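The chain below stands alone, shown as structure tokens; this is the form deposited in one PDB entry.
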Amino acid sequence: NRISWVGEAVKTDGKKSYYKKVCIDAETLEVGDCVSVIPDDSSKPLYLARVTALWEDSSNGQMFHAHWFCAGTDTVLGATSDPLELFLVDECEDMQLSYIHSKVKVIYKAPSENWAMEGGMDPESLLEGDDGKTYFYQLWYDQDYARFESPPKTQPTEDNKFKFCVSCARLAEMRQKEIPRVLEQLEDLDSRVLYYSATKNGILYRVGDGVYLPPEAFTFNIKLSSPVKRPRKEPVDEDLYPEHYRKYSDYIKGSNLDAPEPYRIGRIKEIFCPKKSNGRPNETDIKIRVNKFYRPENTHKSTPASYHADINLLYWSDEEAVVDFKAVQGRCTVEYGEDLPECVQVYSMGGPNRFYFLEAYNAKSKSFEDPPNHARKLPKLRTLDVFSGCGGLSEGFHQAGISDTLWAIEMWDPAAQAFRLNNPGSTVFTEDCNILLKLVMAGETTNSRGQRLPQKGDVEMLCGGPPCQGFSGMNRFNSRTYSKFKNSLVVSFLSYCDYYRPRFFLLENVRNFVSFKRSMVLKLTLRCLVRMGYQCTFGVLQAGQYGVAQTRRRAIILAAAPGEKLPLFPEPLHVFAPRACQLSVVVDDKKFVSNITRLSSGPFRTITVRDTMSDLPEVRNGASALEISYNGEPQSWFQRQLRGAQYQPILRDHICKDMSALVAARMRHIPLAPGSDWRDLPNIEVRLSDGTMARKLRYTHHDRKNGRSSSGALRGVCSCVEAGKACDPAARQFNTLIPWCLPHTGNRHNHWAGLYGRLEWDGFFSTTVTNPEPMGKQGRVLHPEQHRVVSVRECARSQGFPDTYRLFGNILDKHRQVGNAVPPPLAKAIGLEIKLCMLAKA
């Protein structure tokens, strides 16, 4: 007695009769109108949707199609969202008309044609500002990846326009994109139909193309004896090594024993579908036959064959396998090197997923035969880099070909000088970024040096990593902290974005940026960008997956102006230890991931400490010669890349801190075996290089939790070892080889694992910090063999810096420059994603 149709039906598709207008009590609804629905739980707020179709079902009565909006508080923004902002989402369903509560007005707030000149909002307007009091949307939202994007431009046909749901259309396109399909048929064999090409996840595969496959897809025919398993830890003299018992965990940080294998690689020989006795092919079960390629490490030459080889070198093999097309992880190029027109280096650097071979491998004879014969630019963005440091981020972007950094802002003079030495075309402001922005906003044209300040329209890309000081805690945010946030460098960096309105924006930070203050810093940062009208997303990347022998997880925020394509995060290139690759983020009990799909493998093997620095000459503790001979050619692929094509007669900055006599003696007594650290130190007297004697540590107290040695000796060094008893300021010992403070507080610091710890050749670096110190928190900084801390050059190599990359200042200045930097290989991978967006703009 309320719902009655207006007019007659438009179409009668079976048991549905469609209409264009319906009357509900005193209101009339038409296709395109927006309505509210009460949730089943009356406490929850109203649902909101657009009506895309109206019909009568001959069994279920009056129906409509609801394309739901998403409330801002249901996105990652949460309670920081504008109360009246909605977001488009790909969610819709059929619903009885009786569930409609009321008609509502929803406005599309489009960015203006002058959007890039509308910046200059107060930071209060950025963080807390709202709009006029009516529902509105401006962005589309991806709930799984936390991506805000410009609304899709999907258009209907002249047939479905009367019931066109954009969500239904995009979901149908996504299902079409995912499902594997055969395209062009080649020959009809008795049992199967052969195809020339097939498609999957938007990629075209043809006979002769290379394919990535999971390591589980096939085995190699090579027969091998079982490798010798890791030996059981032998007992030790508890009196001579009193702290060795603290290594009961049997876990080695920086170890590569549990890194996965990289992809199998094959060349498609056949694409085929089984044919029923009917004769039609079964096109839901597509199969491929491939020839297996061997990586050097897959031959009877084990892992050591990978040491010198190019990371994209393969061997042909005549072994074949059949796998499901569904198992293919991606398409790659595998070419015969001698038949390539260019040199292998120009080929290898010209594009992603490029491999080559020269020889073939015979598993049965364990020999290397020769393969059978049946195998055969846009203008750069003007970039402002804020908090530029010595320029690791700018270097990677320049390597990706997208960026000319014309302006850099860096308050610390040594890093600014380093940036200048590497960027002679750039204007480098050695200035507080807060001061510079105030000058520009006041209408100044030059800073106090006479340097021309960038103006609106000059800056097309903005990038930087702003440090966090006062809000790095994980506790709640209060009046003091939030005031400290409103005046923080993060907000200053966002103010640069609001003023200049670049095409692309990148904010990089430590991983914990995503969780600081219960993730409020992240949430407020995303809210600012959305308020400005930017598309944006966030994620966590592991630098080791992009080509360095270093675990370094970093938080990344990417934003793109309206009119641009929002970039994707780059797919991992190198496999890396899975414990170091925890990239997901929880925001208000919701788990967010990035678009990255390579979760378990990748095209290239992991980069190791050996790859990084096996070619550097031996130097001593305190080495200070700034210019020395390399004494030989680069040995690994990684070293060949970082040394460059041009011959380098001189190796620079292979210098080390001059550790004191005691610390030097400790380093000399750290064993070379992998996993060695302070817990392996002998409890002996040692005469030091300056005449000092290093004293023996003696156990003066009882640790019931830790127990007693094999021969009954105590294991405590302080009265604080008792539950309650305070620190006795006389049990502290000095000039001890085993550092007193480590057994003193080791019970609540995981036994200070890694301090005075050696790198291992097969492993990776711990995070490269600004000042390598064996008794710091990241203490695993000893050379694998030499009795010293890693050099400046070795730290720069762990960050993927080219050896030509200039640093400036004393040795602590240079360590700080290197330790603060974004690894160029990570920044290059990000830049190539931005490059795809530049080329795809239309």
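Throughout, rigid core stands for the largest set of C-alpha atoms superposing within 1.5 Å between the two forms. Sequential numbering from 1, following the sequence displayed.
Below, we refer to the form deposited in another entry, which is not included among the displayed structures.
The only C-alpha among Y356, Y482, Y499, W761 that moves by 2 Å or more between the shown form and the other one, given a superposition on the rigid core, is that of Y482. Taking the rigid core as fixed, one finds a CA shift for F471 of 2 Å or more between the shown form and the other one.
With a change of no less than 3 Å, the CA-CA distance between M474 and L526 is larger in that other deposited form than in the form shown. Distance between the C-alpha atoms of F471 and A827: shorter in that other deposited form than here (change of 3 Å or more).
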